[PDB]
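1. once you've seen the sequence and the experimental structure below, I've got questions.
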Amino acid sequence: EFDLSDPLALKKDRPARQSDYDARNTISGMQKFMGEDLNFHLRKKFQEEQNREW
Amino acid sequence: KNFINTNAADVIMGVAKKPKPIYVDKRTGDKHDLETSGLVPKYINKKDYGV
Amino acid sequence: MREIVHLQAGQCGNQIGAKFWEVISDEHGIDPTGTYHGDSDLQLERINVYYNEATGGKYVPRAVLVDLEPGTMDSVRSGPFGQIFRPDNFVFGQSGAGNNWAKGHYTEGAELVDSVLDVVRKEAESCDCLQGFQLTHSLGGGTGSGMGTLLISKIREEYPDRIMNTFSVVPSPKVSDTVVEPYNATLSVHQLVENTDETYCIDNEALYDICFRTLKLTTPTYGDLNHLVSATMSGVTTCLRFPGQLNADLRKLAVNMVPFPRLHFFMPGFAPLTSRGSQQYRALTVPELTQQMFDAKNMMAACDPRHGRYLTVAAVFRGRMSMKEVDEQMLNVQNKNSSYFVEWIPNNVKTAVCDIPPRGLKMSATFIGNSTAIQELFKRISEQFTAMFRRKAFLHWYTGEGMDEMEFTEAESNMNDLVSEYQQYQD
Amino acid sequence: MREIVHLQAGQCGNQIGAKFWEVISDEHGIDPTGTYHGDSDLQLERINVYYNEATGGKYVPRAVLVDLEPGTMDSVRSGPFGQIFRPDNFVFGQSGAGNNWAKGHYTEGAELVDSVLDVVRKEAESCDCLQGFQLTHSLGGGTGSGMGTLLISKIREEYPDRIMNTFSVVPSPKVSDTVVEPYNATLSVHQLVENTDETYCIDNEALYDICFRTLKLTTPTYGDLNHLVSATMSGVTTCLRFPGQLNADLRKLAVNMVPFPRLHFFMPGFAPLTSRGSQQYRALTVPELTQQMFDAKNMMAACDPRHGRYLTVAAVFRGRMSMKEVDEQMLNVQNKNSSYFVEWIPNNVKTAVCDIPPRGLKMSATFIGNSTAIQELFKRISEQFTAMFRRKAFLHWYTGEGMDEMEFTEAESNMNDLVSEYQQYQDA
Amino acid sequence: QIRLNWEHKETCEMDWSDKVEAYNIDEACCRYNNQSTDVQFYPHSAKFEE
Amino acid sequence: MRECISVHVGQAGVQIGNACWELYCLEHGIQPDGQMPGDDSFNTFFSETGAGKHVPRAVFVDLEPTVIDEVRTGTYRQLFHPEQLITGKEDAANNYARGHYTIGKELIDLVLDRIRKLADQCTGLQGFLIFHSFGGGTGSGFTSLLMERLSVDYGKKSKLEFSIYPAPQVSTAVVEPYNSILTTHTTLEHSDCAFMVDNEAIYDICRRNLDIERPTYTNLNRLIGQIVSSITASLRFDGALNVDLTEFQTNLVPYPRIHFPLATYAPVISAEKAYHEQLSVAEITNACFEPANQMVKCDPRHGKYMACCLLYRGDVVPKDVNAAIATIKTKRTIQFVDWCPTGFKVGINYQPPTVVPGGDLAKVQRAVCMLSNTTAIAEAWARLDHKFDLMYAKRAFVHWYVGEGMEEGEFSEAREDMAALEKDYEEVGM
Amino acid sequence: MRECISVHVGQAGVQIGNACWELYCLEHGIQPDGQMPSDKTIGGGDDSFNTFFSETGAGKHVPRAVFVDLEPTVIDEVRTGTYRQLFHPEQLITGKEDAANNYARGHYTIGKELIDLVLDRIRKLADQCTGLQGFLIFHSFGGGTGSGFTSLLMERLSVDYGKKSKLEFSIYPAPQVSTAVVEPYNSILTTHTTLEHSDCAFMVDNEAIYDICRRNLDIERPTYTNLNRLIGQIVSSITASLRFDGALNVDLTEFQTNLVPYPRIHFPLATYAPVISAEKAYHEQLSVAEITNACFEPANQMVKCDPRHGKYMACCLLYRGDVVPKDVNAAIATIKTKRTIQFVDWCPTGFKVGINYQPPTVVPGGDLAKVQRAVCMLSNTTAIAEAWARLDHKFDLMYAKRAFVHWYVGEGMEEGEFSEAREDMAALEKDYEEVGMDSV
Ligand SMILES: Nc1nc2c(ncn2[C@@H]2O[C@H](COP(=O)(O)OP(=O)(O)OP(=O)(O)O)[C@@H](O)[C@H]2O)c(=O)[nH]1
Ligand SMILES: Nc1nc2c(ncn2[C@@H]2O[C@H](COP(=O)(O)OP(=O)(O)OP(=O)(O)O)[C@@H](O)[C@H]2O)c(=O)[nH]1
Ligand SMILES: Nc1nc2c(ncn2[C@@H]2O[C@H](COP(=O)(O)OP(=O)(O)O)[C@@H](O)[C@H]2O)c(=O)[nH]1
Ligand SMILES: Nc1nc2c(ncn2[C@@H]2O[C@H](COP(=O)(O)OP(=O)(O)O)[C@@H](O)[C@H]2O)c(=O)[nH]1
Ligand SMILES: [Mg+2]
Ligand SMILES: [Mg+2]
């Protein structure tokens, strides 16, 4: 149990979501959601070009 | 208004502000309160004691 | 060993039960066809709490899915995890409830209550020592609020000594779907005080405030609000599924939270919620769980405890951590502010520590807190029951299913008594 | 474990705080991504006075950033060091105050305060032994002065044993930026009286007189005026971050310079400032700090102590230097200018020596000076209040948020006490 | 420059090792006195003075 | 032939017995799979069989399976016999009533059968040790039921207690006071000696003496095991003054209602503060009477000692022991009661304490464990009474106890009995 | 057998204790890391170090010291410096907030928290000692910890420990320069409350040692180490009769008996004569008469008061190195003949001498020379009655307007302790009068 009194754990600690795409971001770990919208801007511009040709 | 007169009278006709007592535990400087801890006798002084 | 039979009813109950069972199966390592593809051994040890066994190593859940229309559970049979639910557990009726408490309680759901009771009695006596049951429903609807309270009333006549829970979704004056949710909520919250051991409170206007002020989502859906409900639904039953330094089942939190048998309306909150852009500025440490879990901006009810007094407070930690730094932060909160804590209890807070964190995460915590601020939830609903009721607003819908106006009259003098029950400790 | 939670409010508050956090991070070796890339071992030993820690060796400051304009936050994130702040600590409203007091004290600033008082207790309770706060604001504007006197007023009532300072940018008469500023300046200085422990006065026309003449810059901007405000902001808090031969911190200075608790308006300065033409012509010796730090041209206020009396003097030195030459010049300026010191305090000068110089420099020194020559600052605001207030000038702008005209009346008699308290201690 | 520094480290450090062995020999020679044992006669050889 | 039968009740009992039996298996030369790679000094704890194995004389009891199943599939799974680790089906749930009446009655008879089977193999059995926790439901109710059933079957046999008393400031639960009062009142006449520990006090000792910030229950269990080994050392290792198990009761319990002593282990220091400091007999004797090293957060300078027992281990000499004791007999800080003119019992053992790999404490040559009986433990029952009043004025939590078959008069009679106990502690010191 | 427990309190006390305990490691054989390099007779060896160092089983010598502070940034340089393996970790006590130039914080509020932790550690050091002579204490009157807590430490040393001797070294505040504003109020309220609870008091001012270093040594622009290093040359010369062989031993009990006549007059004044630089020592012999006469020079005193305005009340002389006891006797008879130096009439004998053998130790980096002979002298003078007259002057000056008392009143102190602490000194300012007039 040296890790509980470790003075370098916060130095050698690594975040729960370091990047957007990583392996440990499943549904029980609640750092990843589906409603966060990425690819919203591209959906908006796709809809607007369809509106133009329409 | 005499501030030089009244600032003298503000401190004499009063009371000192007594602290909440504290004990420092370790050489690092860990400071606790004294009454809440189980050290000083406080609870045998109750009126419910021994009856 | 210690089984949990899951019951859920309504569109709100089924869309929560579709997301809770996805969380558990990722936590126990279950792929969407049934088998086990995990990596540890602790994932397969206590798996009979939720999953029954079948032939060929296939684990299917202990759920009963109830409704009154068929169109809700075709989107549950056709989702990602629609193939693991055993298809005889689905119970559906052909004509709905139509936002009516009466029609689901006396006419349409009186012919379907005895159809579900064959399913539960079949399978809750396949267990070896059933701990208790669980409901998840909506008080603002017609099926869960009218017939889900009918199943609660029937199974507490047959299995009395066990546990009942509800993750009830009481309505909201701000986020208001229907017009007639005052009548459905008031007639059901009188059915909750006599027949449930524990009962939480969930407002969709308080789940919105988490997805806008904490997780910063641009377009939250109902598929994100069900993620947060199911956060506080596995984190409560998490110490009889995994070992720990200090265990606590569902009954040990019932003993320590409710003083009097008519005072059991808690309100939840979950500790490591973090936005995407605020992700690398955080430290995953024990002080930073116990201090956002206690935040009034975090709670899963639309009532704030800065108006009332905390009767009791629970906390269920997960993850390998130190018992000294868990215990010093409960004394640190109880002593700074002795105006929000009741006096005839000297130590209000309970702690239990599991071992296995949520999958893909390091630490976690949950809050199950009993307050006298929960009475403003009822009187912001009972101020719109008697607003409608003095003019006999929508009453012809309800009287035609065989009730009387006395059933409407007793259900606010039972609701106001509980309001004045939680009131005498507020000062 | 002697922590400083640094508040800053207003556009003047935020873009001073963005520059103060550039000089601290270079002083402690923090690159703009947050991490630590220094070389020594004293740049990491006591860094928790200002910086918290996150995961991965990242350090984020203990700052809170407050404004009523949403368009001030994007100026903060446009600098080099705009990504070191945790994004929760920004507190932005939607509608500004716009050169007003009651708009910022009762109407809009009184409903923005209760979301900041969650954020300061968010951080003050997570310190091992908090020493006190700081504030940086301008009395001329409305966000910094209408609400920044209510930010002070709540936190003295909740935490009354700790320390509070203000680096107040009180308005100047010659650089008269806005017409309605004497009402904001007058009505807010009484809320500074009862609550604050220490208070400096940083006039903007005093900073212009340095950059025109001492540094000889052709085009000084506000980036070259926040440099001087923040070079004396970290020269006070420097010996509780780095070790010394004689120590002093924020509490010890308030003990020695404040003999009565209504007398806390100082006059900062900063010693080694030199133009580039006079750069190679200089000698880097000890009395070439004390000759400039005590020079009446060098002060950061727009008032002069040739008119009044030094009650006390502080001085903080930085650099490996000799205690005899540090101590003998203090005696040398006390004996010579023997008519500029009060009689009823006979050792008016307090001294500290800190070992570590600021990075890039060899020695340095910082001044804080308490005087009855700062009552001439308050009477010039009082002359342009009642020259303007007798004819009821802009009164409908203020009285329509539910002020009172007697509340205006009490706010010069609260100020005419300090201008006649400082007179009786000048007769002594 | 890295390999040059490691060469100089090795050189000064061999000097340190020789001084350690000579220090232990002179401690054992500083032990002795009259009624101490483990002292004995030796022939006079020129290797002693060389 | 000098056997001790250990009984562990509760999760505290199981998680303490893990560290204790690890220490014993490493103190003798016993593998984690029963074999030994001769002398019979193990025979007070381990019994040999016909397959070369040495199976312990213990009984682990819990009402909940997920704390003994880790023993059943841990490192030591081949050592423990499968029928010495008894598990219920559903726990007592912080309830004295459940742990005493409704749930402990299905589990009391099998443990009595196992204790009969173990005690019909010890030819020279000294007595039982009970390790339990006041706060928990099993460790209060079932432990008190076991103490009520032991005395009618074994009589004048020695039974000893290690108790996790409720800590003065931090507690894990809300319903600790009802459990504590209702176990004290009903075990008060069926117990011979009850040593106290407090988890908060051992937290302070691990934080301050050792440098282990953020300790854990295993770091506490190692020190508890060191204390147990020092108490039972002289029945196994050779000594200059042997202290048998039948003497702590005789020399620490003056009155049959006052059997509540407190424990200290003297050189609990780390591997950098053992390099700087010599650890002689006078230093380790003078450090047991220090109120910063006690294992209950209470101060004996506010009270009067009534009996003391000092156990010495290692490289110790009788005159150094004698000079240390006669120094501590001369402080005006250490005040004894009027009617205790002698005071002390001293025991001396040769074998130095045994180091576990992974442990905290360093390797030493000398150690002391001291069990002292003080009047200054009255404020503990005073705070316990006050918190029982604070809950019981408004009749809080009472249905949780009454619904499982116990009347409401037991609360009233338990508070009356422990009020009489407070007057006893008041009046014996004057 | 001849143990003495050093107590250091304050940043002034801690920084002095660094230079004192550097000297004691080279004066004996101990390395910075606590080992003698080798022992020529391992079973034998000399045990001279037991007055200061305590030896464990293996080889390690740990000092008999307690370093006290209320600010963390002073001791943490000791804790991670060269001598971080020499000191036992628990002897360096710190606080978390300093007492902040305040007698009230140092006595009543902040300093009354560490008092029951240092008293624990003092008993652990005072029970190793077979033959404890007395405690030494190093402090400064113008601090918070050096004035508040140190006045508190004497009071609970009187209760617990009885008559056991408690000698002081203090930094009395200099008359001209001073690094504080509330240095009067501390210096009055500490001198007043430690009259009955103190045994002796040797006083030195920083301004006076500045005069010697620029003039007698050649080092211009000194630093507080150059002042600290000279203080270690005084404490070693007091205690070197307890460790090294002597022709006249002087114990630590004989200073109070031979310099403190009356129960409110216990303030001698230190002086150390041959401090001359290593180029200016190349030219002049340093005989016993050349270094006896130099203690009596007011330009070589170690306090800023002149004894030519007052009467000597007693003297003490400690000699090191190569001195003949006959030539000691020749110089003292000479300094009696000069009528520039006057003794009080009721003290006809007025001396106490002590002759040692070990010459004082050269430390690398120090500015003195290697010298055979040395004198340290402690003399009690009536010309200290001019030092309280310039401290009455500067206490009442802030007390006319009652400046700064609001800091002290709300920190646990009633205001009536100001109008008794000075009015106590008024007796002491006229108590020094009645021993200053002849017996007609
Ligand atoms: N000091 C210490 N206390 C422990 C340890 N393990 C458990 N505890 C204590 O155990 C108490 C919790 O009660 P339980 O351990 O569950 O006792 P129980 O008899 O099993 O109670 P139930 O689970 O309801 O049957 C806490 O108050 C802890 O103080 C330990 O290793 N050391
Ligand atoms: N002679 C000498 N005096 C010193 C030395 N260091 C500090 N001083 C004195 O220290 C005094 C200032 O108070 P400090 O000792 O630094 O601080 P303190 O005693 O801890 O009191 P607080 O700062 O309030 O905690 C000044 O009067 C100096 O004369 C030193 O090394 N030698
Ligand atoms: N939080 C949450 N609320 C839901 C969900 N589905 C429906 N609701 C709410 O429940 C109410 C409608 O549910 P409803 O279909 O009438 O429930 P039913 O009558 O029992 O079938 C509305 O207030 C919705 O906002 C869900 O998945 N999550
Ligand atoms: N010294 C200095 N003065 C400033 C700065 N920013 C604004 N000011 C002065 O403050 C006044 C404008 O303040 P304003 O931003 O409107 O007040 P705020 O809204 O409270 O921040 C003008 O007189 C400016 O000269 C700055 O960064 N430094
Ligand atoms: Mg249990
Ligand atoms: Mg200090």
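-> That came through fine. Residues are numbered from 1 along each chain as shown, chains lettered A, B, ... in the order given. Ligands and ions are numbered 1, 2, ... in the order given.
2. Three-state assignment for residue C:161, please.
-> coil (DSSP: H, G, I helix; E, B strand; the rest coil).
3. neighbours of it, just the number please.
-> By other CB atoms under 10 Å in any protein chain shown, the residues close to residue C:161 number 7. To be clear about C-beta, it is placed using only N, CA and C from the backbone, and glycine gets the same treatment.
4. tell me the contacts of it?
-> For residue C:161, the contact set (CB atoms under 8 Å, 6 or more residues apart in numbering or on different chains) is empty.
5. again with residue C:129
-> C:1-3, F:89-90.
6. mark which of those residues are buried, thanks.
-> C:1-3, F:90 (16 or more other CB atoms under 10 Å in any protein chain shown).
7. any chance of TSV for these, columns distance to residue C:205 and secondary structure?
-> Supplementary listing: the buried ones among the contacts of residue C:129 in TSV, determined by distance: CB to CB, whole Å; DSSP: H, G, I helix; E, B strand; the rest coil:
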residue	distance to residue C:205	secondary structure
C:1	39	coil
C:2	35	coil
C:3	35	strand
F:90	38	coil
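8. make CSV out of those and add distance to residue F:405.
-> Output for the buried ones among the contacts of residue C:129, formatted as CSV (distance: CB to CB, whole Å):
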residue, distance to residue F:405
C:1, 25
C:2, 23
C:3, 26
F:90, 16
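9. what is the nearest of the contacts of residue C:129 to residue C:272?
-> Nearest to residue C:272 among the contacts of residue C:129: residue C:2, at 27.0 Å, using CB to CB.
10. ok, that closest one to residue D:205 distance?
-> Separation of residue C:2 from residue D:205 (CB to CB, to the nearest Å) stands at 76 Å.
11. now do residue F:365
-> Taken as CB to CB, the span from residue F:365 to residue D:205 is 76 Å.
12. and what of residue F:358?
-> The gap separating residue F:358 from residue D:205 is 69 Å, by CB to CB.
13. repeat for residue F:66
-> With CB to CB as the criterion, residue F:66 and residue D:205 are 74 Å apart.
14. got it, and residue C:102?
-> According to CB to CB, residue C:102 and residue D:205 sit 78 Å apart.
15. for residue C:148, same thing?
-> In terms of CB to CB, residue C:148 sits 73 Å off from residue D:205.
16. what about the residue most central in space within chain F, helix or strand, and which?
-> Chain F has residue F:162 as the residue nearest its centroid, 1.9 Å off, counting by CA atoms, centre = their mean. Secondary structure assignment for residue F:162, by DSSP states H and E: strand F:158-164.
17. other SSEs contacting that strand?
-> strand F:127-133, helix F:143-154, strand F:193-197, helix F:248-252 (3 or more CB pairs under 8 Å, 6 or more residues apart in numbering or on different chains; DSSP states H and E).
18. distance to ligand 4 and mean neighbour count added to these, as TSV?
-> Shown next, in TSV, are the helices and strands packed on strand F:158-164 (distance: least, CB to the nearest ligand atom, whole Å; neighbours: other CB atoms under 10 Å in any protein chain shown):
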stretch	distance to ligand 4	mean neighbour count
strand F:127-133	60	24
helix F:143-154	67	18
strand F:193-197	59	21
helix F:248-252	73	18
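19. distance to chain E added to these, as a markdown table?
-> A markdown table is the format used below for these (distance: least, CB to the nearest CB, whole Å):
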| stretch | distance to chain E |
| --- | --- |
| strand F:127-133 | 54 |
| helix F:143-154 | 63 |
| strand F:193-197 | 51 |
| helix F:248-252 | 53 |
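20. first to last residue in stretch F:250-267, what's the distance?
-> 27 Å (CA to CA, to the nearest Å).
21. list the buried residues in it.
-> F:251-253, F:258-267.
22. pull the most distant pair out of those residues.
-> Maximum distance among the buried residues of stretch F:250-267 (CB to CB): 29.6 Å, for F:258 and F:267.
23. check contacts around the residue of chain A found nearest ligand 2.
-> Nearest residue of chain A to ligand 2: residue A:7, at 27.9 Å (CB to the nearest ligand atom). By CB under 8 Å, 6+ apart, the contact set of residue A:7 is empty.
24. check the secondary structure at it for me.
-> From three-state DSSP, the assignment for residue A:7 is coil.
25. and the gap between it and chain B?
-> 14 Å (CB to the nearest CB, to the nearest Å).
26. swap in residue C:349?
-> Taking CB to the nearest CB, one finds residue C:349 at 16 Å from chain B.
27. and that residue, its phi and psi?
-> In terms of degrees, to the nearest 10, the main-chain angles of residue C:349 are phi -100, psi 140.
28. that one pairs with what?
-> residue C:313 (DSSP bridges).
29. that one against residue C:317, yeah?
-> No: applying CB atoms under 8 Å as the test, residue C:349 and residue C:317 come out as separate, 12.0 Å apart.
30. hmm, back to that, list the contacts of the residue nearest to the centre of chain F.
-> Residue F:162 touches F:16, F:129-132, F:195, F:197, F:224, F:228, counting by CB under 8 Å, 6+ apart.
31. do the same with residue F:167
-> F:198-201, F:297.
32. now do 6 Å
-> F:198-200 (CB atoms under 6 Å, 6 or more residues apart in numbering or on different chains).
33. what residues does residue C:97 make contact with?
-> Neighbours of residue C:97 in contact, by CB under 6 Å, 6+ apart: C:68, C:103-104, C:142-143.
34. biggest separation within those residues, which pair?
-> Farthest pair in those, by CB to CB: C:103 and C:143, 9.6 Å.
35. which one of these two is surrounded by more residues?
-> Between residue C:103 and residue C:143, counting by other CB under 10 Å, residue C:143 is the more crowded of the two (31 against 24).
36. that one: what secondary structure?
-> Going by three-state DSSP: residue C:143 is coil.
37. near chain F at all, stretch B:34-45?
-> Yes: where contact is defined by CB under 6 Å from any CB of the partner chain, part of stretch B:34-45 touches chain F, namely B:38-39, B:41, B:43-44.
38. burial measure for residue 23, as a count.
-> Defaulting to chain A. By other CB under 10 Å, the residues close to residue A:23 number 6.
39. let me rephrase: I mean chain F.
-> 21.
40. for it, which non-adjacent residue is spatially closest?
-> residue F:225 (4.7 Å; CB to CB, 6 or more residues apart in numbering or on different chains).
41. residue contacts, the residue nearest to residue C:373 when sequence neighbours are not counted?
-> Of all residues not flanking residue C:373 in the chain, residue C:308 sits nearest, at 3.2 Å (CB to CB, 6+ apart). The contact partners of residue C:308, by CB under 6 Å, 6+ apart, come to C:371-373, C:426.
42. show me which of those residues is closest to residue E:21.
-> residue C:371 (77.8 Å).
43. hmm, back to that, so what are the sheet partners of the strand holding residue F:162 and their directions?
-> Pairing partners of strand F:158-164, with direction, according to DSSP bridges: strand F:127-133 (parallel), strand F:193-197 (parallel).
44. thinking again about what came up before, and of the contacts of residue C:129, the nearest to ligand 3?
-> For the contacts of residue C:129, the nearest to ligand 3 is residue C:3 (25.4 Å; CB to the nearest ligand atom).
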